[PDB]
């Protein structure tokens, strides 16, 4: 049981116990008054300051106000600034500060605290694991890697450090090397290893190298509640939405959008071809490591429900056409983009991040033979001027072995069963 009272705090343990009792009884405002009282009378007390912070934390929870929680984050810092802080209290205070900073999305502030924590407690392996997460959350995987390498150099069977090292390795396309770390880390059962991300990426890594045990892990990930199914492995889901790999226009209810796309398809094609000829740079190579081989680039008009105005200069009539359909232009979990794929291209089996969107494919330039897309267990072909619709949260795969290029138009839509407030509130992806 942690030691939180320095020498002077024990002399006033009565008052501090009484203030804490008010907080644990739920009488939150009484408790802040008591702790602010103690903070004034004993301005150097770490426990009184910690109490003020905790009560501000509880109060933000009750009020659900980021407002209040930002205050608690500064008080947690005030605690560490005081003299003669017990080590247990110093660690509790700065950890909760980092955690709440992450809860608010202040990832660079959380990282700063984590770095401080590691310097103060250099033998705590758990804090270096937490520091690696802080790096990953800001997209600094280089430093995250070194952190977990050091953790493994001292405690080489740390499961948490294993999965996160494997995750980093896999993201850098070191697929074979990633597998033992991800696998051994999931099997350790350590806290923080039962996470869908690691099942998702171990299975994918195994699929890429031909290891047939991959669905062994998709199975277990489904049993442990990370995947809705073994075929649909998205991780940012609204549970309950109808799940099937392929849809018809009527099944989605977006029949006006589909009609508009198919009736005006030559216009959409021509503006894409014009960009290919006179503005090649607007097409950007796919940068998610989804290709085994080949050339594949996309020209994006909407992403996260935001129109790219420079991009729409190149497809002005197409953008004007789409503005009439908020079900796609307001889909903050999807994109609207041209997609070109050239012969000799194979896209790995992969899954999208969310089940909250459906993906439409309008055929623009489709060679007679060589192009096909599998989703789940049904494989289909594109047609010039016709729309395919599939739920890309299911595993899907694509080939291109024609003798010329293949151009399609991709239009993501909210899953139809999502409510207007869900569509307005769910975080963008």
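Positions refer to the first chain, counted from 1.
J.: Per the entry, where is the mean C-alpha temperature factor higher: 67-75 or 298-306?
T.: Averaged over C-alpha atoms, the B-factors run higher in 67-75.
J.: Should the higher mean CA B-factor in the entry be assigned to 318-326 or to 103-111?
T.: Mean C-alpha B-factor is greater for 103-111.
J.: Identify, among 283, 200, 215, 181, the residue whose C-alpha carries the highest B-factor in the deposited PDB entry.
T.: Among 283, 200, 215, 181, the PDB entry lists the largest C-alpha B-factor for 215.
J.: Among 250, 337, 357, 293, where is the Cα temperature factor highest, going by the PDB entry?
T.: Within the set 250, 337, 357, 293, 250 shows the top C-alpha B-factor.
J.: Considering every modelled residue of the chain and its Cα B-factor in the PDB entry, is residue 57 in the lowest, middle or highest third?
T.: Highest third.
J.: Compared with the other modelled residues in the chain, in which third is the CA B-factor of residue 385?
T.: CA B-factor rank for residue 385: lowest third.
J.: By the recorded C-alpha temperature factor, relative to the other modelled residues in its chain, which third is residue 369 in?
T.: CA B-factor rank for residue 369: highest third.
J.: In terms of the CA temperature factor given in the entry, to which third of its chain does residue 343 belong: lowest, middle or highest?
T.: Lowest third, going by the recorded CA B-factors of the chain.
J.: For residue 398, return the chain-relative third of its C-alpha B-factor as stated in the PDB record: lowest, middle or highest.
T.: Lowest third.
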